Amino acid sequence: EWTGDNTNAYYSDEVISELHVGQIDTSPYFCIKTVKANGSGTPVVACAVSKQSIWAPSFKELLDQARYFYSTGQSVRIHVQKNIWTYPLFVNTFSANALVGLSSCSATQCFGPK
């Protein structure tokens, strides 16, 4: 598995606008909401869960990276895998999107798979 796999999805030129931390079923998790830097489109929501999904090993790295980009407000590309989380209330609160990567973006391009 890889962040950049074409079965994952990404959204470019987003700003991380919200951050949530919690626990579910013995596992720390976090979620972020992102919106286009230019005001267009719909918000993206994705979560990472420390002990769940193939993406579990990168939990701490993604959490720290999300916090950094959140604190700066800079434009980023968010990589997700759709339809992972399954607890209905959790999905309805956030989304079924697993967060699988974060890339910095300049004006015209982002540094990461596309």
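In case it trips you up, residue 1 is the first one in the sequence shown, and so on. If you superpose the two forms and keep the largest set of C-alpha atoms that fall within 1.5 Å, you have the rigid core.
After a core fit, the C-alpha atoms in 4 other deposited structures of this protein lie farther on average from the shown form in one of 101-109 and 19-27, namely 101-109. Set 79-87 against 57-65 and average the Cα temperature factors; 79-87 ends up higher.
Averaged over their C-alpha atoms, the temperature factors of 34-42 and 68-76 are higher for 34-42.
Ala9: CA B factor in the middle third of modelled residues in this chain (values from the PDB entry). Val100 sits in the lowest third of its chain by CA B factor, as recorded in the PDB entry.
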